[PDB]
2 protein chains.
Amino acid sequence: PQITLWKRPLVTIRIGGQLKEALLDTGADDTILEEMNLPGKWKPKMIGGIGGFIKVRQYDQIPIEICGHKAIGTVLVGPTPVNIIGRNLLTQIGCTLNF
Amino acid sequence: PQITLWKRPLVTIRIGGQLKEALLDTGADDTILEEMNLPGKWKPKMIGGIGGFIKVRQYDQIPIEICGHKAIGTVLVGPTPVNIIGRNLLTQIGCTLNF
Ligand SMILES: CC(C)CN(C[C@@H](O)[C@H](Cc1ccccc1)NC(=O)O[C@H]1CO[C@H]2OCC[C@H]21)S(=O)(=O)c1ccc(N)cc1
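Looking at this model, I keep getting lost on the overall build of chain A. Mind explaining?
Across its full length, chain A holds one helix and nine strands. Seen in sequence order, chain A has helices and strands lined up from the N terminus as β-β-β-β-β-β-β-β-α-β. Taking 13 Å as the expected radius of gyration for a compact globule of 99 residues, we find that chain A reaches 13 Å, a close match to that expectation. When the backbone C-alpha atoms are referred to their principal axes, chain A occupies close to 40 × 30 × 20 Å. Long-range contacts, defined as pairs at least 24 residues apart, comprise 48% of the intrachain contacts of chain A with a sequence gap of at least 6.

The structure is reproduced here in structure tokens:
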């Protein structure tokens with residue numbers, strides 16, 4: 001689709017058969033989701049945002065369907081104010097900015 | 001133009017004859033720029049993201065030129081590591097997300 005920006009670009013994602021609302025976030029290098037259980041090995045990582053650094057769990061090769069577009073990539077799980085889809089997955093589903 | 005998300009979507013902005021590099025950020029409600037001394041009235045605000053909150057100054061009706069496109073609106077100024085063009089001005093320059 002084409003998505004305008006008068007509203008937050010919130011979209012439904014499917015991950016592990018669960019549906020969640022997430023923010024398409026071009027300012028985010030990485031995809032970070034609120035606390036949840038994902039399977040497989042994870043690695044402790046730290047990441048910085050506007051307010052400082054947080055600790056996250058990094059899961060690799062996780063499938064997520066974003067608006068019915070399939071991605072498979074790195075998902076961080078941690079204390080984010082909202083689920084965010086970052087450029088690592090935005091690129092896989094072919095997302096660009098246009099003006 | 002069309003901006004891919006392989007790299008950070010940094011573009012040149014102009015604010016009162018200072019040129020700066022800024023993120024076109026669909027995950028940011030409002031534009032926030034690095035510490036700088038804008039003229040006129042402002043109000044204190046806290047904005048929250050990854051890692052917590054920072055204190056900022058909200059200036060209203062500030063003209064910014066973004067890649068040659070004219071915008072005028074709310075500009076928050078505070079201790080951000082990156083300059084961020086948020087949805088409040090992205091809409092004015094005609095910026096959409098597409099996939
Ligand atoms: C987390 C979002 C809901 C909101 N953030 C915008 C977001 O695009 C920031 C924008 C951003 C970008 C760089 C540095 C700080 C903030 N990105 C971010 O935190 O991304 C993190 C995940 O991937 C990593 O890559 C960038 C930092 C990491 S925000 O910067 O905190 C923010 C919040 C409110 C406003 N008005 C403006 C900006």
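Would you explain the site of the ligand in this entry?
In the vicinity of the ligand there are 27 residues, among which A:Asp25, A:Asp29, A:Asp30, B:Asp25 and B:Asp30 approach most closely. One finds residues of chains A and B in close proximity to the ligand. Separating an oxygen atom of the ligand from a backbone N or O atom of A:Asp29 is a distance of 2.9 Å. B:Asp30 is positioned with one of its backbone polar atoms (N or O) 3.0 Å from a nitrogen atom of the ligand. Starting from 710 Å² of accessible surface for the ligand in isolation, the protein chains cover 94%. Placement of the ligand is best described as lying within the largest pocket. When contributions to the shell around the ligand are tallied by element, the ones reaching two or more residues are β5 (42–49) of chain A together with β5 (42–49) of chain B. Partitioning the shell around the ligand into residue classes produces 14 nonpolar, six polar and seven charged.

Reading guide: rules and limits
Residues numbered from 1 in each chain as written, not as in the entry; some residues may be left out. Chains lettered and ligands numbered in written order. Heavy atoms only, no water. Residues with missing side-chain atoms left out of burial classes, pairs and counts. Helix = DSSP H or I, 4+ residues; strand = E, 2+ residues; numbered from the N terminus. Rg over C-alpha atoms; globule rule 2.2 N^0.38 Å. Contact = heavy atoms within 4.5 Å. Near = heavy atom within 4 Å. Polar contact = N/O pair within 3.5 Å; in protein donor to acceptor, adjacent residues only side chain to side chain. Areas by Shrake-Rupley, 256 points an atom, 1.4 Å probe, with all protein chains shown as cover. 1 Å grid on protein atoms, 1.4 Å probe; cavity = no way out; pocket = protein on both sides within 12 Å on 5 of 7 lines; lining within 4 Å. Sits in = over half its atoms within 2 Å of the grid points. Nonpolar A, V, L, I, M, F, W, Y, C, P; charged D, E, K, R; others polar.

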